[PDB]
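**Q** Below you'll find the structure I mean.
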């Protein structure tokens, strides 16, 4: 079960989502466009990319079942709507064209955008592109400072609004305008923390269920010893038998 | 049990002393905020507070209030910055004695607009009035991005619902939670979204009394009733399977009696195997007759 299991057991509602996926899988039914949580298919190279992707989309949005085409929205989760508590995500249209396809106007060579290090299901890829806009999110692994954010905070010729959301290291900067203020951008900085969701690693390697495995194999050894005791009891039974035939 | 044990006597165990939200966010700022507030207010414009005290529960009415409390706690800390070098220096200063917390930084200016015209006015009080705030513009500068007064807040199944199914014209949203413990946000035509709150005693919500779980009485009594009926049906099923076990043990006793009777009968068998036979006179007499 390389499939993510233990990570999904950390939440009771997410366990209900697990059960929903379970009796979705058990009954083949008619699966026109199958649905799978993005937390499942998304693989991150490191925990840093996992934190990046867990912050790019919402935590509640992360525990949602994607729908690539709005035409079929309720046609999938008809019966299990009331059986257990679930969540879904709606998609209409987005752009998958990445910025900097060529030499363009810069010669820095400072890494790329959020769309480079993501691999997974087509529906999940489209969902994260629609919800997080990985193309417009640039990530540079070296030499990134809010000073560059403020040198770009001046309206770029691409648009007066600079960006919508930037993530870098342990920081997330959101670009916003004052509708009733001075029409001046007021970027908002939020500290982020490492998240094990969206991670390529198989559950949490640090502690996992390893101690439970150790106690399980200890009980297995004890059961084997009890089986040896039962075998010796059977040998004694056969000895009582041959005693019975001697008496006969 | 775990549904309630996290707050069984902890809400009662406050040592009869005020438990400020400064350390309720986490253990370690209460020893450093008194000394770091001046540092925050020094650089750039004076730093706005973390809004923990500015927005608080009023009159202890949190059943309807928690839905908007979660939304405002999604972005609650608002610190003002204007220089990236000053922002990094502020980050270094904040890492003074250890934070272990995520503090949003908000430099959004005050907004000037009227927010009563948008709502519909009804007998049920507006949810925001349940909260207490110092300056309306402080919350309004977040209201503009996502309006929170417009939405209709009701329970799961009641009247004045399905507005999103009805679609909004001259209105925006009518989302609401469904349950007090965990209320999925109302969405007509869209999948509902759950919201999870946090429970803490930051104000003198025990001013009248400090008795053990007055508000939690209904939840714990309902949980005990559920445990009662669950264990009663489980006792019934274990009793019936144990009665079946008693019946099968009784028929085991019957089979053992039958096999022991067979043992007596084979003992009789070789008793009658070892007996004298007196057919010699019969055979000799038959030969004589022949």
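Chains as they are written, first to last, in UniProt numbering: chain A, 449 to 696; chain B, 486 to 775. The beta carbon of each residue, even a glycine, is placed where N, CA and C say it ideally should be.
1) Span of the alpha helix (DSSP H) holding residue 689 of chain A?
2) Mind checking the segment 590-601 of chain B against chain A and listing, in chain order, the residues whose C-beta falls within less than 8 Å of any C-beta there?
3) Closest by CA to residue 580 of chain A, which one among A/496, A/500, A/477 and A/469?
4) Between which two residues does the beta strand (DSSP E) containing residue 639 of chain A stretch?
5) If we count the other Cβ atoms within 10 Å of its Cβ and call it buried at 16 or more, is residue 677 of chain B buried or exposed?
6) What residue does the beta strand (DSSP E) around residue 538 of chain A start on, and which one ends it?
7) Output yes or no for whether 8 Å exceeds the beta carbon distance between residue 520 of chain B and residue 565 of chain B.
8) What are the start and end residues of the alpha helix (DSSP H) that includes residue 628 of chain B?
9) With residue 737 of chain B as the anchor, note down where its alpha helix (DSSP H) starts and where it stops.
10) For residue 715 of chain B, decide whether its Cβ has a neighbour in chain A, counting only Cβ atoms nearer than 8 Å.
11) Assuming residue 490 of chain A and residue 568 of chain A form a contact by the criterion Cβ under 8 Å, report the distance between their Cβ atoms to the nearest whole angstrom.
12) Please report how far the alpha carbon of residue 679 of chain B lies from the alpha carbon of residue 509 of chain A, in whole angstroms.
13) Chain B beta carbons: is any one of them nearer than 8 Å to that of residue 593 of chain A?
14) Among A/526, A/641 and A/459, which has the Cα closest to the Cα of residue 584 of chain B?
15) Could you check if residue 525 of chain B is buried or exposed, using at least 16 other CB atoms within 10 Å of its CB as the buried criterion?
16) Quick check on the burial criterion: 16 or more other C-beta atoms within 10 angstroms. Buried or exposed for residue 663 of chain B?
17) Report back the beta-carbon spacing between residue 635 of chain B and residue 673 of chain B to the nearest angstrom; my notes put them in contact at under 8 Å.
18) How many Å lie between residue 673 of chain A and residue 661 of chain A at the Cα?
19) Is there contact here, the segment 561-577 of chain A with the segment 523-535 of chain A, by at least three beta-carbon pairs under 8 Å?
20) In angstroms with no decimal places, state the Cα-to-Cα distance between residue 465 of chain A and residue 522 of chain A.
21) Measuring CA to CA, which of B/611, B/645, B/579 and B/682 is closest to residue 535 of chain B?
**A** Reading it off the structure:
1) By one-based count along the first chain, residue 689 of chain A stands at place 241. Start and end: 658-695.
2) Result list: 590, 591, 592, 593, 594, 595, 596, 597 and 598.
3) Sequence index remark: in the first chain, residue 580 of chain A carries index 132 (1-based). Of the candidates A/496, A/500, A/477 and A/469, the one whose C-alpha sits nearest the C-alpha of residue 580 of chain A is A/500.
4) On the first chain, position 191 is the one that residue 639 of chain A refers to. Counting along the chain, the beta strand (DSSP E) containing residue 639 of chain A begins and ends at 636-639.
5) Position 192 of the second chain holds residue 677 of chain B. It is buried - the Cβ of residue 677 of chain B has at least 16 other Cβ atoms within 10 Å.
6) Position 90 of the first chain holds residue 538 of chain A. 536-538 is the span of the beta strand (DSSP E), which, as asked, contains residue 538 of chain A.
7) Stepping through the second chain from its first residue, residue 520 of chain B is reached at position 35. Stepping through the second chain from its first residue, residue 565 of chain B is reached at position 80. Contact: no.
8) Numbered from its first residue, the second chain carries residue 628 of chain B at position 143. 621-628 is the extent of the alpha helix (DSSP H) around residue 628 of chain B.
9) Taking the first residue of the second chain as position 1, residue 737 of chain B is located at position 252. Where residue 737 of chain B is concerned, the enclosing alpha helix (DSSP H) starts and stops at 702-758.
10) To locate residue 715 of chain B, count along the second chain from 1; it is residue 230. No, its Cβ sits nowhere closer than 8 Å to a Cβ of chain A.
11) Stepping through the first chain from its first residue, residue 490 of chain A is reached at position 42. Stepping through the first chain from its first residue, residue 568 of chain A is reached at position 120. Rounded to the nearest angstrom, the Cβ distance from residue 490 of chain A to residue 568 of chain A is 5 Å, consistent with a contact under 8 Å.
12) As a position in the second chain, residue 679 of chain B is number 194, starting the count at 1. As a position in the first chain, residue 509 of chain A is number 61, starting the count at 1. Here the C-alpha atom of residue 679 of chain B lies approximately 10 Å from the C-alpha atom of residue 509 of chain A.
13) For the purposes of this step, residue 593 of chain A is taken as residue 145 along the first chain, with counting starting at 1. Closer than 8 Å to some Cβ of chain B, the Cβ of residue 593 of chain A qualifies, so yes.
14) Within the second chain, residue 584 of chain B is the residue found at index 99, counting from 1. When each option's Cα is compared against that of residue 584 of chain B, the closest is A/641.
15) Counting from one through the second chain, the residue named residue 525 of chain B turns up at place 40. It is buried - the Cβ of residue 525 of chain B has at least 16 other Cβ atoms within 10 Å.
16) In the second chain, residue 663 of chain B corresponds to position 178, counting from 1. Buried, because 16 or more other Cβ atoms sit within 10 Å of the Cβ of residue 663 of chain B.
17) The sequence position of residue 635 of chain B within the second chain is 150, counting from 1. The sequence position of residue 673 of chain B within the second chain is 188, counting from 1. Actually they do not touch by this definition, with Cβ atoms about 15 Å apart.
18) Translated into the one-based positions of the first chain, residue 673 of chain A becomes position 225. Translated into the one-based positions of the first chain, residue 661 of chain A becomes position 213. Computed Cα separation, rounded: 18 Å.
19) With the rule of 3 Cβ pairs closer than 8 Å, the segment 561-577 of chain A does not count as touching the segment 523-535 of chain A.
20) Walking along the first chain from the start, residue 465 of chain A turns up at place 17. Walking along the first chain from the start, residue 522 of chain A turns up at place 74. Straight-line Cα distance between these residues: approximately 17 Å.
21) Counting from 1 along the second chain, the entry for residue 535 of chain B is found at position 50. Among B/611, B/645, B/579 and B/682, the Cα nearest to that of residue 535 of chain B belongs to B/579.
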